[PDB]
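# Structural description and commentary
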Amino acid sequence: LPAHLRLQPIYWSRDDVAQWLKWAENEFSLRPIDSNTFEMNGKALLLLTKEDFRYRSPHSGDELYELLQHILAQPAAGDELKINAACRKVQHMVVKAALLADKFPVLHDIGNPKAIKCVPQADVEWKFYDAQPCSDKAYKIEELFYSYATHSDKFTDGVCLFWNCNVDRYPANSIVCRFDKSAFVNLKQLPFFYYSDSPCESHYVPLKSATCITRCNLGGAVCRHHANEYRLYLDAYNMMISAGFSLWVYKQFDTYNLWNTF
Ligand SMILES: C[S@@+](CC[C@H](N)C(=O)[O-])C[C@H]1O[C@@H](n2cnc3c(N)ncnc32)[C@H](O)[C@@H]1O
Ligand SMILES: [Zn+2]
């Protein structure tokens, strides 16, 4: 019911687990137990045995254990609008960072039928392609079905963007989001990072993370604003990974290029 509990349990935080205990107490009329009965995150919860659940909660552990197994068997369907917004947030983050890091002069947006830039304030020439452009944006979209066998010698300037545009094989100069390996041989998996160049502001649980690429993290003292934004971005990113999307990137992508922007 709480949005985080619609993620796969491996994504649950320690607070998410506690909210799970409360949701389950109401849903199954269980004896209330201390919010600290399972002080761990979901990754840890999944390593417990059923005996551990029974020892930890004599009155309800077996039920909680079986509930978790039911959740792992029938994963919660996500909300389509929330997942769309999440994926869009990630798209903007990732493409903004790529352009800042490598200063591509042209972006080839392949599989974009609406001619909408995810990063409209970047200094880059944006070009759109789609096999079936929306008829109200086709005037500025190249009608093109991409196949590596036909186009691998094209679009070699700048960077290519394939945001959920499933082609036979991506070219090496690509940013890719794919929903569920030979399509990806020219690329590498893209690890999580958060980048921001917005002003730092101090007015939380201090954020410690090597993947918060902000000016205030150069010295390890993340400001409250970026702590907040990092955590919101991580929630959006978890919701897109938990739904089956994965990110891939051109092999030269380097987060130190982002640090150097400061
Ligand atoms: C999930 S939709 C929209 C993807 C878009 N990049 C986005 O972020 O919303 C997939 C799009 O890719 C187009 N498409 C699928 N295969 C394609 C291909 N091989 N070459 C060009 N466009 C393709 C479809 O016509 C459609 O507009
Ligand atoms: Zn900051």
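This section reports on the structure supplied with the text. (Residues numbered from 1 in each chain as written, not as in the entry; some residues may be left out. Chains lettered and ligands numbered in written order. Heavy atoms only, no water. Residues with missing side-chain atoms left out of burial classes, pairs and counts.)

## A look at the coordination of the zinc ion (ligand 2)
- Listed as protein donors to the zinc ion (ligand 2) are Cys 200 (SG), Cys 216 (SG), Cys 223 (SG) and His 226 (ND1); their distances from the metal cover 2.1 to 2.3 Å.
- Around the zinc ion (ligand 2), the four donor atoms sit at angles spanning 95 to 116°, and that spread fits a shape best called tetrahedral.
- When its relative accessible area of 38% is taken as the criterion, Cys 200 is described as partly exposed.
- With a relative accessible area of 13%, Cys 216 lands in the buried category. (Donors = N, O, S within 2.8 Å, 3.2 Å for Na, K, Ca; no water. Tetrahedral: all angles 85-135°; square planar, octahedral: opposite > 155°, others 65-115°. Buried < 20%, exposed > 50% of the residue type's maximum accessible area, 1.4 Å probe, protein only.)

## Here's the deal with the pairing of strand β4 (residues 159-163)
- Summarising burial for β4: five of the five residues are buried, a large majority.
- Burial along β4 is two-sided: the residues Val 159, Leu 161 and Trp 163 and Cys 160 and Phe 162 are all buried.
- Bridge count for strand β1 (residues 106-110) against β4 is three bridges, and the pairing is parallel. Along β4, the bridge assignment pairs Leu 107 with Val 159.
- As judged from the four bridges shared by β4 and strand β5 (residues 174-179), these two strands associate in the parallel manner. In the strand pairing of β5, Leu 161 is matched with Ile 175. (Helix = DSSP H or I, 4+ residues; strand = E, 2+ residues; numbered from the N terminus. Pairing = 2+ DSSP bridges.)

By themselves these figures say nothing about function.
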